[PDB]
Structures are given as structure tokens and as C-alpha cells.
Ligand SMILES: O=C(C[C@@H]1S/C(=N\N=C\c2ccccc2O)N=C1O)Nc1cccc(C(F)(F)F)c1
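Quick setup: one chain, the form deposited without the ligand, written in C-alpha cells, and binding and motion questions come after.
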């Protein structure tokens, strides 16, 4: 049961992690370098040791897929990067280059959130889907995401996340490298989010989902999540649910919140952890 990997990693950080401050001076327990493998075959790794907000993971992911930079466009599932924006454009909800923009218009000059960027920049997501169809053996089927606060801070900043796909025997697998991971909040969300992305891409390429591998650099627990995570560790996982796609879909841009159904999801209660 692969949620055991996640819980194993929480325990290891609690026993062996060392104190390390994050950019805001808030404290964490930290271990550098970890990896977990979650099977996507006839199951979907929505964590069961607490209720994960799946409807919002879906909706944030559809928003990324659209290429939006408009905060208002986010549905019910709605830091320092805002400081580098002008006033009036910021009050509109124009967030600047975010995950959508980077995924769909990588390297284009970002103007305003309602501009037409059709055919501007590299479409990383479409490039991934194309390479799977044209050469499934390719070792470069890679899409990267940047923390948006980094973009105004330096020339050629490194990505936050590197996502690599892989195809053999009709199965699509995905590895996410994250240079840092908040184990209490971000990680469970990210697992579901990239597992879902993988389900989508597999669906439109005629493949079956394989594995989801999650690799971290700075894997950390915030000090104020220690006690709830200690309680989460006492809970026993329950078989993962299944994810079902409800109609045949052909292009990544056509999926809709309503195309997806989770089933057999029996999680333990919500754990409220706050940032």
C-alpha cells in the first residue's frame, strides 16, 4: 500500500529531520532527498489518512491547463510575487506568469491576463503529448514549472518542478522532481495533481497509467504541523479509490471538471493544517 511510503517519509523526517528555516524564517524539520512510487494501475493515489480536497485539485489543474493568469477564473478551489506587480493590474486579479502560462506559453513576453498568446512561446504540455505520439521511447518528455516569485528575482532562475513522462508496454508513467516539498499540505495535493495530469495524458494518447514517482529535494515538515502529522501517522491507510473518466476525450483542452468521477474513496477525517 503506497500511502505507506508517504507515512514512512513523515516518520523519517520526524525522527531524523533537522531544524532548517524557510525564506520567511519559519522553522521546519528537513531531510534532503526522498522518493516514493505510487501505482496508477486500477487505482488513484488520493491519500486516505486524511480527506484530500480532490474537487479543488481537479479545478486548479483545469485552470493550469487553460493557461490562465486570471485569479478570478479560478473556481471554488481558489505571497511575495505580488510586490513586483503594478497596483491597478494587481487589483484586476492579473497574477502574471503562473503555472498555466508557463506550461502553455513558456518563454513568451507576458503582457496582460486577457491578451491573445495563441502560438506564442513553447507549449510544454502540448509538446509532451506530441512527443508521446511521435516517439514514445524519448527520454526528454519533460515539462517544468517555476515558482512565480522567482521570475522577477533573477535571470534564468531554476525551476521549482521538473515533470518527466515515460512510456513502455502501453503504460504512461510520470516522475515529478520538486526542489522542495511541504509534506503536510503541498505533497498530498501534488501527488493527486500529477497523478490526475497523468491520467489525462494517458487517456488522450491511448495509454494506460503506470506509475507516479515523487522525488523531493528539501522535504520538510513545518513546526506547526508536527502534532497533527503525528496523529495522522497513527491512522491506517484504506485501499486507494479509482478515478474514472466519463467520456472519450481527444484534446487536453477539452476535459472538464464534470468528466471525472472518484469512486471507493473512504478517507479518514480532514486534518486542518494551516500555512
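Numbering follows the first chain given and starts at 1.
Form deposited with the ligand bound: not shown, discussed below.
- Shown here without its ligand, the chain is overlaid with the ligand as it sits in the bound PDB entry; three or more ligand atoms lie within 2.4 Å of backbone or C-beta atoms, and the site is blocked.
- When the ligand is considered in the bound PDB entry, only one residue from 61, 40, 52, 207 comes within 4.5 Å through any heavy atom, namely 52.
- For a residue to qualify, one of its non-hydrogen atoms must sit within 4.5 Å of the ligand in the bound PDB entry; all three of 97, 184 and 188 qualify.
- With a 4.5 Å cutoff on heavy atoms, residue 162 does not count as touching the ligand in the bound PDB entry; it lies far away.
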